[PDB]
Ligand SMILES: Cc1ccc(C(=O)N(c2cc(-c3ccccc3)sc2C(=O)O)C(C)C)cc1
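Given as C-alpha cells, the chain that follows is alone and in the form solved without this ligand.
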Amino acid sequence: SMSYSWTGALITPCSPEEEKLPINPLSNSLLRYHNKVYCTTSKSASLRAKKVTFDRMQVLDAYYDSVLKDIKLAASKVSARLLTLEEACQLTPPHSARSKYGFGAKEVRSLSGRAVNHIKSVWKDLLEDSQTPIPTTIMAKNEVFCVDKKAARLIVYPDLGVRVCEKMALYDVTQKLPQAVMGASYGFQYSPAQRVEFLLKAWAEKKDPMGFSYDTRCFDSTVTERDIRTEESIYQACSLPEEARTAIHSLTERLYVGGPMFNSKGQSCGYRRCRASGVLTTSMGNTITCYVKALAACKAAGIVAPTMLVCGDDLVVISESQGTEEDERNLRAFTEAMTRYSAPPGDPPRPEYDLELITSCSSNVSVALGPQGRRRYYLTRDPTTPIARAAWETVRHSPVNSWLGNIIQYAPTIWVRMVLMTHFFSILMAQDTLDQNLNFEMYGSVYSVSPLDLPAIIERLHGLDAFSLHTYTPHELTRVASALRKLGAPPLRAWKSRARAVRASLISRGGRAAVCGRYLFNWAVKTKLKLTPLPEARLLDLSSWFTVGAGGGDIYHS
C-alpha cells in the first residue's frame, strides 16, 4: 500500500543543472532581485521522494459506489477508435524525450523506418503480453520559482516507443470520455473566457453561494492500484474495438498501475504503485478519479447543490451556503470523506464568499471595464511565477517556453499587457525574430505559434475587449504591484513609459508588426485608436484548442 519503494539509487540529472538566475542585462531590465529566482534541480530530488512516499489507506462506501455506478453508465455513451500510427506520431512534440532504441521525436514525427518498425513491435508485444511490467525513467523536473525553496517535482515516464502506443490505444478516449461522464464540470475543455463564464454562472445560480478549492496532498501519490484499475473499468465501459480493449488492459496492468523505475544512469531506482506523472492518462485519470471521490464526498458531507470544476487534481466546488458554521462543518466532513477515499488534504479547505478570491488552477475571475464603460470579466492569477519564469527564459532559451503561453492565456490582464508584452516585443524586435514560430506549453500541453499572430489569436479567444480593458480592481492592482516590488521589477508606470517606445517601433515596421503595435499597445497612448475586428481572426481554427490538449501528456498541436 506504499506509493513507492526505493533501492537507494539516486535520482540523477541528464546534464548539469543551473539553480540560480544568471546576472544578465536583458533579464535585469525585467527584474533586479535575481537571487530570489531559482530553478529546482536533482539536488532536492531525495527530499521530494520522501514527501511523496507514504502508505495509502483507502476505504470506500455506498456514496462512492453510487457515483461510480453513474459514471460507468455515462461512459457507455462513448464510442472511440484506435488512432492510426501516423496520427499518433503527429501528436508527438518535436522535443519529446528520445528513445533508447535509436531514434528521437524527429524520427517519430517524420515516420522514419527505424521509429515505425520499433513502435510496431511494441504494439504487438502489448497485445500478446498483459503482465510484464514496463520500465520507466524517473527524473527531477527543472522548474523556476520565486523564493518565499520548493523541492523538485518528480516525473516518471515510459520509453518514447510506448508513449506512441498509448496514443494509438487511448488518445481518442481522452477526447471524449471526460466530457461524457462529467459534462460541464470537465475543466480542460474551456478556454480562459469560457472558464470565467462557467464560474460566474455557477456562482450566480446559487441563492447564497459558497465556494472552496480542495488541495490534495501529492495527488498522484494518493492514487491507488485499485483506483487505476477502476479507471480502466471506466475506459472499458466505452464502446471500443477489441484490439484497443486488449491494449488498454495491457497498458493498465504493465504501466499505469505501477512498475519499475530507473534513473538516467540505468540503475534500478525503485518501484511505483501509484499514478505515473508522465503517461498519456495522467490528466484524464486524475480528473475522473478526483471527480468520483469529490462527488461522493460532497454527498457524504451534505454539500448542497454542488457545482464542480475539475482539472486533473485541481478541484473547485461552488454550492449553496448553509451558514458560516454549517459550511465549516460540512467542509470538515468533506475532507474526512476525501481522506477515507485516499485523498487527504495538503492545506485544509476553507469556505470563501467572494468569487474573486477563489482560486482554480492557480487562477481566479476578476473584473474591469470595457471601452464602453461596461463591466467585463476575465481570468487572471498572481504574476510572480510567470514573471520569474519569463526572466529565466529571456536569458536561457527553452525549446518549450511558458511566457508565450502566459501571454495567450492571460492576454486581458494588466500584467501581461503592461509587462510581458512590452518586454518580449522589445526583445523580439531587437533579435529581429518577431515572425519566428515558438513552442510553448499551456494546460500542460505543447503548442506552436508566431507572436506576430497574437492579436488575431487574442481577439478570437478573448474578444476585442482584451485590447481595451481598464480600471482593474484594487485586489488585482495591489497584487501585481506587490509582485513587481518583490521581484525588484520596475513599477507599472515605468512599463507604460517603455511601452510607448515599443509601440512606436512596432508601428514603424508596418505589416503584421504594426498591427501588433496598434492593438496590443493601444493602452499605452492617451489618444486611443479605433480597433476593429481582425479578418484573420475568423480564419483561426480554434474551438477545441484546449480539449485536444486533454490536460498534458506529451501532446503537440500545429
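The term rigid core refers to the maximal set of C-alpha atoms that superpose within 1.5 Å between the two forms. From 1 onward, residues are counted along the sequence shown.
This next part talks about the form deposited with this ligand bound, which is not shown.
Enquirer: Please classify the binding site as open or blocked after superposing this ligand from its position in the deposited bound form; blocked means at least 3 ligand atoms come within 2.4 Å of backbone or C-beta atoms of this form.
Expert: In the deposited bound form, this ligand occupies a site that, on this form, remains open once the ligand is superposed onto it.
Enquirer: Is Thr324 close enough to this ligand in the deposited bound form to count, meaning some heavy atom within 4.5 Å?
Expert: It does not: once this ligand is placed as it appears in the deposited bound form, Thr324 has no heavy atom within 4.5 Å of it.
Enquirer: Considering only heavy atoms, tell me if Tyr33 and this ligand come within 4.5 Å of each other in the deposited bound form.
Expert: Output for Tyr33 is no: heavy atoms all beyond 4.5 Å of this ligand.
Enquirer: If we define contact as a non-hydrogen atom of the residue within 4.5 angstroms of the partner, is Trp523 a contact of this ligand in the deposited bound form?
Expert: Within the cut-off, so yes.
Enquirer: Evaluate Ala514 for contact with this ligand in the deposited bound form, applying a 4.5 angstroms cut-off between non-hydrogen atoms, and reply yes or no.
Expert: The answer is no: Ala514 has no heavy atom within 4.5 Å of this ligand.
Enquirer: Could you check which residue among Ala180, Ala456, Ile414, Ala88 gets a heavy atom within 4.5 Å of this ligand in the deposited bound form?
Expert: Contact check passes for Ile414.
Enquirer: Though this ligand is not shown, can you say which of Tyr157, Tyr472, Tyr186, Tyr171 has a heavy atom within 4.5 Å of it in the deposited bound form?
Expert: It is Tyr472.
Enquirer: Choose one stretch from 62-70, 486-494, 22-30, 37-45: the one whose residues place a heavy atom within 4.5 angstroms of this ligand in the deposited bound form.
Expert: Of the stretches listed, the one contacting the partner is 486-494.
Enquirer: Which listed residue (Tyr443, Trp392, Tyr256, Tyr235) has a Cα shift of at least 2 Å between this form and the one not shown, rigid core superposed?
Expert: Among the listed residues, the one whose C-alpha moves by 2 Å or more is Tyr443.
Enquirer: Does the C-alpha of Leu31 move 2 Å or more between this form and the one not shown once the rigid core is lined up?
Expert: Yes, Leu31 moves 2 Å or more.
Enquirer: Would you say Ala537 moves its Cα by 2 Å or more between this form and the one not shown, aligning on the core?
Expert: Yes, its C-alpha moves 2 Å or more.
Enquirer: Superpose the two forms on their rigid core, then report whether the C-alpha of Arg509 is displaced by 2 angstroms or more between this form and the one not shown.
Expert: True for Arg509: a C-alpha shift of 2 Å or more.
Enquirer: So the C-alpha spacing of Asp382 and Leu26 changes by 3 Å or more in the deposited bound form; is that change toward closer or farther than shown?
Expert: Those two alpha carbons end up closer in the deposited bound form.
Enquirer: Taking the shown form as reference, are the C-alpha positions of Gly444 and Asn142 brought closer or pushed farther apart in the deposited bound form, with a change of 3 Å or more?
Expert: Farther: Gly444 and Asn142 separate by 3 Å or more in the deposited bound form.
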